[PDB]
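Structural overview
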Amino acid sequence: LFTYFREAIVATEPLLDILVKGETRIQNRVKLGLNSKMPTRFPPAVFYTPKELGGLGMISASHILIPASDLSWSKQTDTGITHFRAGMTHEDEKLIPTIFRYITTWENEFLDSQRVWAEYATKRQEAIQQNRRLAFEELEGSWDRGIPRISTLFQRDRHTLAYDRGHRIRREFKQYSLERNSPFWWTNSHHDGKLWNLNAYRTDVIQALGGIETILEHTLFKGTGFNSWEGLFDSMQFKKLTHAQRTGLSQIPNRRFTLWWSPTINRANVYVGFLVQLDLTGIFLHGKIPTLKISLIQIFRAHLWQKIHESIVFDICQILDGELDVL
Amino acid sequence: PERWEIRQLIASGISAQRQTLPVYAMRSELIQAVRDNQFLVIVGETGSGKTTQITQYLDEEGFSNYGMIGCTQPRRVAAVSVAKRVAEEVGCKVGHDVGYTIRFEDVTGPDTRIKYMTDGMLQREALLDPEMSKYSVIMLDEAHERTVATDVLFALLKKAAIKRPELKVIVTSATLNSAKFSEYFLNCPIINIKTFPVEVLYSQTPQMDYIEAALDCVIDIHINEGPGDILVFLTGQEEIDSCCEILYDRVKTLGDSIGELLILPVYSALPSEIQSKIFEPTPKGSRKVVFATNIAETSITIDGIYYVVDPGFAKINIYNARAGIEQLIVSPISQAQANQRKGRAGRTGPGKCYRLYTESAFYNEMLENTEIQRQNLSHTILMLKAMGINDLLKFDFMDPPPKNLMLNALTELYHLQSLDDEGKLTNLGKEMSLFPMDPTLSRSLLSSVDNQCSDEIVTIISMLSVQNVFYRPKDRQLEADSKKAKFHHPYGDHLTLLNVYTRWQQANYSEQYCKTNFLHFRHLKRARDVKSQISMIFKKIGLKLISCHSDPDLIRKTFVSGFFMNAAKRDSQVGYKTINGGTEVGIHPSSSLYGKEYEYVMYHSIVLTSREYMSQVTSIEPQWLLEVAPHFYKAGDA
Amino acid sequence: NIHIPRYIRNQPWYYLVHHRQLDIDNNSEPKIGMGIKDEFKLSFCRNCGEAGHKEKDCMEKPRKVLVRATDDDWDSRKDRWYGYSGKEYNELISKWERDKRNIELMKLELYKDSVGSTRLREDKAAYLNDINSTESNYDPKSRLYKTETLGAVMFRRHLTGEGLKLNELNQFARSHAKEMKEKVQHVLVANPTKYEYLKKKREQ
RNA sequence: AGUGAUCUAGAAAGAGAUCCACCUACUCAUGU
Ligand SMILES: [Zn+2]
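What counts and what doesn't
- Residues numbered from 1 in each chain as written, not as in the entry; some residues may be left out.
- Chains lettered and ligands numbered in written order.
- Part of a larger assembly, values for the part shown.
- Heavy atoms only, no water.
- Residues with missing side-chain atoms left out of burial classes, pairs and counts.
- UniProt positions renumbered as here; feature names shortened; annotations may be inferred.
- Buried < 20%, exposed > 50% of the residue type's maximum accessible area, 1.4 Å probe, protein only.
- Helix = DSSP H or I, 4+ residues; strand = E, 2+ residues; numbered from the N terminus.
- Contact = heavy atoms within 4.5 Å.
- Salt bridge = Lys/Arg side-chain N within 4 Å of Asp/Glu carboxyl O.
- Polar contact = N/O pair within 3.5 Å; in protein donor to acceptor, adjacent residues only side chain to side chain.
- Nonpolar A, V, L, I, M, F, W, Y, C, P; charged D, E, K, R; others polar.
- Donors = N, O, S within 2.8 Å, 3.2 Å for Na, K, Ca; no water.
- Tetrahedral: all angles 85-135°; square planar, octahedral: opposite > 155°, others 65-115°.
- Near = heavy atom within 4 Å.

This entry, as listed in the PDB, derives from cryo-EM and reports a resolution of 3.7 Å.

Looking at the PDB entry, one finds chain B named Pre-mRNA-splicing factor ATP-dependent RNA helicase PRP22, with Saccharomyces cerevisiae as its source organism. Taken directly from UniProt, the Catalytic activity text for chain B runs: "ATP + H2O = ADP + phosphate + H(+)". Per UniProt, the comment on chain B under Sequence similarities is "Belongs to the DEAD box helicase family. DEAH subfamily. DDX8/PRP22 sub-subfamily."

The name given to chain A in the PDB entry is Pre-mRNA-splicing factor Prp8, with the source organism recorded as Saccharomyces cerevisiae.

As structure tokens, this is what we get:
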């Protein structure tokens, strides 16, 4: 959506409304897989945390302020943005970065494209005048600018793609013969390149969730034994089993997502929630969240809680059997 | 690829002195041999007096009939200079009673009794007279250098002796090892003759690393040994340049305790002025260090050398007869070469020689002598068939070449129409043998009248009989390339040769407009004298000089009508690709490659360097391949 | 050690090290008991005359200071025993002091010389006798404590005696392989009794 | 010289073919 309609979404009210509603739908799709949609139970750090740190890696487009104006006047004149409705308020003051700030708008792509292709045509005219072949160690810095990208000119299949014509409508009429067309029906990275780069987005998302410390205080990282944080980073679906058993195959990674964010899912700031106890251990849930309960049965099987407790008890006994005469 | 970038651009937006030489002191012995024997090996030491003295010896001991004596040298400079000197020695006019003969440089007349020629020129004389009747003694000198032209003359003269009792033959060598040569000429006698006595160091262990070991040896010699210049040997320009910058820099450093040290190069491309710098004195508190190729093995001297290195490597042509292909490979020298190298320390005093290998490897692991087992034979099989030799495979050769390289050579000459299928000389093969060229050059030339451009093709075959013309110094490649562009022809570097010759013949210049258009004057002169000689053979043999009004496609068709075999398609998913063998090559980084009618090249030279390259290329229409050698462009044989 | 992705190694715009400010670092030392550091920070009224508040929020009955504060976290906030002068515990001390103020088979079974009169409880694993601080002289994965006897410093065990005898044996097998089907029989565990009786014969 | 406008929130049983973007890439002639 945002790499097609790039700047046309600022002056559009129903698209921002449906963005906020739709990202709320996606968060409630995640939360109704856990049968609990409490806002305190689910921080913004459990969704926008990238997929390497264990979170979902959702991209934010709905923590903006929606421009609000007088809806008796807004259907008459071009009202100035006189008020701001809050998009998706969390109780925290997490300023979650939005993808539109990390995408170069179209006018700011096209003026730059005319500039860098004037520079390329001038360097090519000079390299023909210099009789030197224009190696691509000079165009660096302007390697990812312009539509189409300069990085197209030195890809490994330029002689093959020399004869590719009519690719736009060939990729556009895939929707009449493919069941799941790619939503990038318009662009083709073989002929245009990657027209966006969101590897700077996730860095500022991590810096906006409070760095790595404030993310991992939500997680079950501290319960794991890691000598450093840096060492943190299904062959069953291919087996012919059953149509219904693929549900449990989907169930399996949901368990590790819930167990990774389990101290902030099973946390105590709960608006309403009854403190049940786990089966046979001393873990108090704050609501019948199923996959969390299954993961805590999974860790604490064989009365491992008891086999912790007893063990520590009798180990203290050995210490007190080691230190009888001292005390 | 060019088209796609244009599409993306559109889409986006004094007498007593000569007595003193050693050979005088065995002149009696040297009759008694010459007199008693139809063939004789003589072996010296370079400086002993053989090139000069022994031919003079022969001209008092063997005198008047209508006859001459030939001496034969592998080296144009040795022929010229030693004929000048021997004319003075006799007290006779150069070009008269003593004379030369060199390719497109003859200095002899109807008075010449003593005729000091290149091996290649005596071989061409023997194409026109297979008895060499006009000579009563023939002296093949520097036979140790085992050139193609000397080995073919040795073979020939073996046979010619058993047709002419009144021909005597004197094989003269600088390598004491005559046994091989005696045996090959039917146990013929030997007579074995100022070098000072070189010390010879060896490493205790095989080096794996000979450049840096050679650098450290030269700096060691410069610290520790008394006055005397150093001669390194190294294998090519790139290596030699690198070791000249790093021994220049390391010697500046040790100048904080050690004498001044002047490096030089030397290698085959050097401009004349930098060649002349090798001969400079040896500063003043000080020494000098020539860094040469094998050119300094035999082909010159440099007067003050007392110390030789010797990482025992050179850059030698090699030809595989069951891939069909020549290459240019860094390779261990022969024992004969290692000896010559050593004997460059020794000219001016005792000397030392610092061999970056084991004494075992000298004695037991270097081959004795190095050319017939390292050659494409096409020229050689043309010359043998002109010499009437109908059973090539049986030809009495002291080292027979692989019968596959001989067979491949007949098949080339048949596709060049020099021979018929039955291995018999066509009228082309006769006329081609009249020219001192390779068969592909000769064929091109011959047919050029019938492409209406025999002046143009005369000039391009003259150019292609010399070096590269275009100076490009490693500091000023932009200026040199700017120069070169003002003769270049877009996808036709053969036509670039025509343009720079014509500009050299322009009513506007000589020497200093060679240097200011970064041209080798020595090349362009040599190409002008070979154009003059080859036009004289053209007149002599009735081949009409012809031009048109301005016709590059005619130039193209003529060149294809020799070099048909040497064609290379553009790949259409990959690099460039070759008609013979099916090699996978690139166009040589000397020449851009206008990929729009480029789709076939004709190439002059295949160049093996770490990659396969093809060098001096000109566009061809592939339809003009199929019309101008239908028998070589048969799908059928493909 | 690039398991860090591109976007974490990509620093922010101003100035690996910028993250390390739970700890991102060592984390294998189990963390300290930190805790109950506490702080108590701090017209007029018609009822009492004091300033600050009105009659609707006065604290004296109508006649005609230290605060549980400085909070950031939740477990500090609830804290049923937040202020603590030991009142209830000393009360139960006083209650406890009030409550504090108020055959032959043993002799038959000393026929042997004892005249004394779910784990083992006498195990005492050698991390418990490693009660003083060492640089992890035990691992709990392999459950193997290191000593100078059968222990090294990436490492192995001391092959003592029988293990050293098999070191002699497979070096003998390597010697018989590097000296002398038979192409396969060159090694120890291939044909074991062969090389065993060859090493027995070699000691004669 | 700026205040002010803050939805959600979880329990039981049942359901469920997933089908798609986060790492760049090319310069020896040993001779004549
Ligand atoms: Zn009051």
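Focus on helix 18 (residues 439-448) of chain B
Across the 10 residues of helix 18 of chain B, 10 count as buried, placing the element largely inside the fold. Residues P439(B), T440(B), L441(B), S442(B), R443(B), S444(B), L445(B), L446(B), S447(B) and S448(B) constitute the buried set of helix 18 of chain B.

Digging into the interface of chain B and chain A
Taken together, the contact pairs 15 residues of chain B with 21 residues of chain A. Here chain B and chain A share two salt bridges between them. Put simply, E5(B) and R124(A) hold a salt bridge, and the shortest N to O gap is 2.7 Å. The tally of links from chain B across to chain A stands at four residue pairs in polar contact. Of all the secondary structure elements, the ones that give two or more residues to the side of chain B that touches chain A are helix 1 (2-12) and helix 20 (477-485) of chain B. Top element by residues in the side of chain B that touches chain A is helix 1 of chain B. It accounts for eight residues. Residue classes in the side of chain B that touches chain A are distributed as six nonpolar, five polar and four charged.

A few points about the coordination of the zinc ion
All names here are of chain C. The coordination sphere of the zinc ion contains the protein donors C45 (SG), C48 (SG), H53 (NE2) and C58 (SG), at a distance range of 2.0 to 2.3 Å. Its four donor atoms give the zinc ion angles of 107 to 112 degrees at the centre, a pattern that matches the tetrahedral case. Between consecutive donor residues of the zinc ion, the sequence gaps follow C-x2-C-x4-H-x4-C. Here the residue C45 occupies a position in the loop between helix 1 (6-9) and helix 2 (75-78), and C58 occupies one in the loop between helix 1 and helix 2, the gap between them amounting to 13 residues. For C45, a relative accessible area of 1% gives the class buried.

Quick word on the protein's contact with RNA strand D
Near RNA strand D lie 35 residues; those nearest to it are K37(A), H243(A), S268(B), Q467(B) and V607(B). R156(A) is positioned such that a nitrogen or oxygen atom in its side chain is 3.4 Å from a phosphate oxygen of RNA strand D. Interatomic distance of 3.2 Å between a side-chain N/O atom of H243(A) and a sugar or linking oxygen of RNA strand D. At the level of secondary structure, the elements contributing two or more residues to the surface near RNA strand D comprise helix 10 (237-254) and strand 13 (313-320) of chain B. In terms of residue class, the surface near RNA strand D is built from nine nonpolar, 18 polar and eight charged.

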